[PDB]
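Next up: a single chain in structure tokens, the form deposited in one PDB entry.
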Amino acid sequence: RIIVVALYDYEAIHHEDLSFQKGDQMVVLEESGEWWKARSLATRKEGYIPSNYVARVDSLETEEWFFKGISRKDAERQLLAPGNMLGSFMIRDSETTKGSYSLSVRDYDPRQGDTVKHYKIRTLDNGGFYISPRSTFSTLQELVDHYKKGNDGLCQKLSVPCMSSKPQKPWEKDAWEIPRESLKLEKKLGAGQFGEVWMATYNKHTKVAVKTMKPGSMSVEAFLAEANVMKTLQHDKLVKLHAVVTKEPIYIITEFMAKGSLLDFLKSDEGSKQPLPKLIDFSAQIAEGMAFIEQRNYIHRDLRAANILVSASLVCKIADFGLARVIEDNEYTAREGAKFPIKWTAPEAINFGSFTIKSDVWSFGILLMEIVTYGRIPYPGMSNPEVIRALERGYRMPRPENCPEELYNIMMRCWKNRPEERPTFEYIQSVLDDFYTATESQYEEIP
């Protein structure tokens, strides 16, 4: 008997889904995938449930102020989102002390502006918790109630839990290769060289995006082989690949991203007004996604701002990872013109077809420049031959206005002519994640 309790409200969408009042209790039967088979004790109706809507009855996951499965950086982004107030907080699993916890608190001061401060919650050997030795607690709930009453050494008195929203429904069971009839294409979002993108509805209940590839552009078997790898590249900063239609014209079904391409967003009324530290955060998010791709020994091949998508909450997600590999070169695709962009591509990829994670690093440097110029064409005033010849002679784009020198230094590292001399995305991710807090302590040393 493994027992869980519902967190959010969820109703039937598929064959056998159940009732989810905000506080119903159930027993887990099976645990394969993100959909769990389970039986309820309330009115005892049965079927399948979304695992991310439930939580173990004795676990901290039931608490409003506990955020399971997020990082320190995630925590900071979430707390700094609009709608949160001074003293907004969360408790999360510690990233640097396994089994222990961390408290993250939204702070403000006129010098540093909006920040998030982090505290180590230590566990007592015989039970309980403390941040400072003079104030111990039997439960994390007692700790929270204590610091809601007064700061007692913290940067702020705790106010309310970090705002959150009901998570995405997990994708339907075993609906990887889906029938084309399951999709109603509702709005064409754009047309490109080798296909179109539509907003669509999947089986009357789920909003998705559908990339519709032109006949002649891809092979079903080649595409599917690659797509079966793509779908496993699951990370908060990569766009989620839900499903495919494995018949020409091949369809690629992904999560819908409300603010479209980062390139378009940077050139929009709203995006053109993002302050520099937000631009840096965008850059960090993309680098986190690319560090994942690097860790997974994968290659993007066409990294640039056009292929970054932006969510309604301004989360950046990498799209089209690996796709260029399975776009075919034939009479059909040739009729369009110009497969990959010279100004974004590493010289060894151009010259020899050597695409690697290091040519992606080169491209990332170009993307950084796209970001800090709000979407300007790379190498303004230069033709493609001019770019290639200048690069060969050690020319690189100069630092533009409103670009921190350290950011430009990262670009210059990305643009080493020898690929082995370019940094790892693991390195880039670390320097961008800590861009403004490099000389600052990890956690607050509270007395």
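What we label the rigid core is the largest C-alpha set whose atoms superpose within 1.5 Å from one form to the other. Residue numbers run from 1 along the displayed sequence.
Missing here is the form deposited in another entry; even so, the following discussion is about that form.
If I align on the rigid core, exactly one of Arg413, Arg399, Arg396, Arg39 should have its C-alpha move by 2 Å or more between this form and the one not shown; which residue is that? The answer here is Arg39.
So, superposing on the core, is the move of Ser219 at the CA at least 2 angstroms between this form and the one not shown? Yes: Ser219 shifts by at least 2 Å between this form and the one not shown.
Between the shown chain and the other structure, the Cα gap of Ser217 to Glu181 differs by 3 Å or more. Is it closer or farther in the other entry? Those two alpha carbons end up farther apart in the other entry.
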